[PDB]
>>> print(open('structure-v7.cif').read())   # mmCIF, N, CA and C atoms; chains and numbers go by the auth columns
data_structure
#
loop_
_atom_site.group_PDB
_atom_site.id
_atom_site.type_symbol
_atom_site.label_atom_id
_atom_site.label_comp_id
_atom_site.label_asym_id
_atom_site.label_seq_id
_atom_site.Cartn_x
_atom_site.Cartn_y
_atom_site.Cartn_z
_atom_site.B_iso_or_equiv
_atom_site.auth_seq_id
_atom_site.auth_asym_id
ATOM 1 N N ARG A 1 12.311 -1.089 -3.164 0.00 1 Q
ATOM 2 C CA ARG A 1 11.312 -0.385 -4.016 0.00 1 Q
ATOM 3 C C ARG A 1 10.358 -1.411 -4.637 0.00 1 Q
ATOM 4 N N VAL A 2 10.370 -2.605 -4.101 0.00 2 Q
ATOM 5 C CA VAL A 2 9.479 -3.675 -4.646 0.00 2 Q
ATOM 6 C C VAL A 2 8.072 -3.475 -4.110 0.00 2 Q
ATOM 7 N N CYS A 3 7.305 -2.843 -4.914 0.00 3 Q
ATOM 8 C CA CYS A 3 5.859 -2.590 -4.588 0.00 3 Q
ATOM 9 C C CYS A 3 5.015 -2.545 -5.878 0.00 3 Q
ATOM 10 N N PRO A 4 4.664 -3.704 -6.425 0.00 4 Q
ATOM 11 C CA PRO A 4 3.872 -3.757 -7.677 0.00 4 Q
ATOM 12 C C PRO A 4 2.617 -2.860 -7.577 0.00 4 Q
ATOM 13 N N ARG A 5 2.163 -2.363 -8.704 0.00 5 Q
ATOM 14 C CA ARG A 5 0.994 -1.425 -8.702 0.00 5 Q
ATOM 15 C C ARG A 5 -0.333 -2.165 -8.508 0.00 5 Q
ATOM 16 N N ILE A 6 -0.809 -2.197 -7.278 0.00 6 Q
ATOM 17 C CA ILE A 6 -2.150 -2.822 -6.967 0.00 6 Q
ATOM 18 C C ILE A 6 -2.903 -1.886 -6.030 0.00 6 Q
ATOM 19 N N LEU A 7 -4.198 -1.851 -6.214 0.00 7 Q
ATOM 20 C CA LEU A 7 -5.096 -0.949 -5.405 0.00 7 Q
ATOM 21 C C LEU A 7 -5.931 -1.773 -4.410 0.00 7 Q
ATOM 22 N N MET A 8 -5.351 -1.999 -3.259 0.00 8 Q
ATOM 23 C CA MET A 8 -6.069 -2.691 -2.118 0.00 8 Q
ATOM 24 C C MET A 8 -6.225 -1.697 -0.959 0.00 8 Q
ATOM 25 N N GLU A 9 -7.205 -1.917 -0.121 0.00 9 Q
ATOM 26 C CA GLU A 9 -7.388 -1.011 1.061 0.00 9 Q
ATOM 27 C C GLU A 9 -6.285 -1.308 2.090 0.00 9 Q
ATOM 28 N N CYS A 10 -6.046 -0.372 2.980 0.00 10 Q
ATOM 29 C CA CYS A 10 -4.997 -0.582 4.039 0.00 10 Q
ATOM 30 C C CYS A 10 -5.265 0.335 5.240 0.00 10 Q
ATOM 31 N N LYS A 11 -5.028 -0.184 6.426 0.00 11 Q
ATOM 32 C CA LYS A 11 -5.244 0.616 7.685 0.00 11 Q
ATOM 33 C C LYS A 11 -3.934 1.271 8.119 0.00 11 Q
ATOM 34 N N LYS A 12 -2.850 0.565 7.901 0.00 12 Q
ATOM 35 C CA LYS A 12 -1.499 1.077 8.269 0.00 12 Q
ATOM 36 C C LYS A 12 -0.476 0.542 7.267 0.00 12 Q
ATOM 37 N N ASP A 13 0.657 1.170 7.256 0.00 13 Q
ATOM 38 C CA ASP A 13 1.705 0.791 6.261 0.00 13 Q
ATOM 39 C C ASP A 13 2.047 -0.703 6.304 0.00 13 Q
ATOM 40 N N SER A 14 2.122 -1.260 7.481 0.00 14 Q
ATOM 41 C CA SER A 14 2.517 -2.705 7.587 0.00 14 Q
ATOM 42 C C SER A 14 1.442 -3.608 6.976 0.00 14 Q
ATOM 43 N N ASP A 15 0.239 -3.110 6.931 0.00 15 Q
ATOM 44 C CA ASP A 15 -0.875 -3.932 6.380 0.00 15 Q
ATOM 45 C C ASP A 15 -0.573 -4.360 4.943 0.00 15 Q
ATOM 46 N N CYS A 16 0.140 -3.523 4.228 0.00 16 Q
ATOM 47 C CA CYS A 16 0.471 -3.842 2.801 0.00 16 Q
ATOM 48 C C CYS A 16 1.648 -4.812 2.716 0.00 16 Q
ATOM 49 N N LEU A 17 1.618 -5.639 1.704 0.00 17 Q
ATOM 50 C CA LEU A 17 2.716 -6.645 1.503 0.00 17 Q
ATOM 51 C C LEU A 17 3.947 -5.969 0.880 0.00 17 Q
ATOM 52 N N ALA A 18 5.015 -6.715 0.804 0.00 18 Q
ATOM 53 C CA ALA A 18 6.259 -6.180 0.181 0.00 18 Q
ATOM 54 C C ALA A 18 6.664 -4.825 0.781 0.00 18 Q
ATOM 55 N N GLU A 19 7.428 -4.077 0.023 0.00 19 Q
ATOM 56 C CA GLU A 19 7.927 -2.745 0.501 0.00 19 Q
ATOM 57 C C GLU A 19 6.846 -1.658 0.334 0.00 19 Q
ATOM 58 N N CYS A 20 5.615 -2.050 0.056 0.00 20 Q
ATOM 59 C CA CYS A 20 4.554 -1.018 -0.150 0.00 20 Q
ATOM 60 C C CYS A 20 4.234 -0.326 1.181 0.00 20 Q
ATOM 61 N N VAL A 21 3.561 0.787 1.055 0.00 21 Q
ATOM 62 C CA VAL A 21 3.147 1.615 2.246 0.00 21 Q
ATOM 63 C C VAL A 21 1.727 2.144 2.025 0.00 21 Q
ATOM 64 N N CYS A 22 1.042 2.469 3.099 0.00 22 Q
ATOM 65 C CA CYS A 22 -0.395 2.936 2.965 0.00 22 Q
ATOM 66 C C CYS A 22 -0.443 4.447 2.651 0.00 22 Q
ATOM 67 N N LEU A 23 -0.813 4.787 1.430 0.00 23 Q
ATOM 68 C CA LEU A 23 -0.855 6.230 1.016 0.00 23 Q
ATOM 69 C C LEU A 23 -2.106 6.942 1.565 0.00 23 Q
ATOM 70 N N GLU A 24 -2.165 8.230 1.327 0.00 24 Q
ATOM 71 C CA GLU A 24 -3.268 9.077 1.895 0.00 24 Q
ATOM 72 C C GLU A 24 -4.684 8.537 1.662 0.00 24 Q
ATOM 73 N N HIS A 25 -4.896 7.931 0.541 0.00 25 Q
ATOM 74 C CA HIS A 25 -6.274 7.444 0.197 0.00 25 Q
ATOM 75 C C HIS A 25 -6.667 6.272 1.085 0.00 25 Q
ATOM 76 N N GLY A 26 -5.703 5.799 1.810 0.00 26 Q
ATOM 77 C CA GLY A 26 -5.908 4.600 2.689 0.00 26 Q
ATOM 78 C C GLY A 26 -5.660 3.313 1.892 0.00 26 Q
ATOM 79 N N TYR A 27 -5.022 3.450 0.742 0.00 27 Q
ATOM 80 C CA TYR A 27 -4.667 2.257 -0.121 0.00 27 Q
ATOM 81 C C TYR A 27 -3.140 2.157 -0.248 0.00 27 Q
ATOM 82 N N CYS A 28 -2.700 0.969 -0.541 0.00 28 Q
ATOM 83 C CA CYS A 28 -1.236 0.706 -0.714 0.00 28 Q
ATOM 84 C C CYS A 28 -0.710 1.323 -2.015 0.00 28 Q
ATOM 85 N N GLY A 29 0.535 1.742 -2.002 0.00 29 Q
ATOM 86 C CA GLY A 29 1.132 2.329 -3.242 0.00 29 Q
ATOM 87 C C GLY A 29 1.402 1.229 -4.271 0.00 29 Q
#
>>> encode(input="structure-v7.cif", output="structure tokens")
Amino acid sequence: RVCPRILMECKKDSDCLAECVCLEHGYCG
């Protein structure tokens, strides 16, 4: 559940660092 709250763009879930995932807005959780 390690996914600090940051708003960066993302194309796919792997694009985000840590355990974060790419949410509907196209940004990491």
>>> resolve_selection(input="structure-v7.cif", expression="the PyMOL selection byres (((chain Q and resi 28 and name CA) around 8) and name CA)", output="PyMOL selection string")
chain Q and resi 6-10+13+16+20-23+26-27+29
>>> atom_distance(input="structure-v7.cif", atom1="atom C of residue Q:3", atom2="atom CA of residue Q:19")
7.0 Å
>>> axis_aligned_box(input="structure-v7.cif", around="stretch 6-19 of chain Q", padding_each_side="4 Å", output="lines of an AutoDock Vina configuration file")
center_x = 0.3
center_y = -2.7
center_z = 0.5
size_x = 23.3
size_y = 16.0
size_z = 23.5
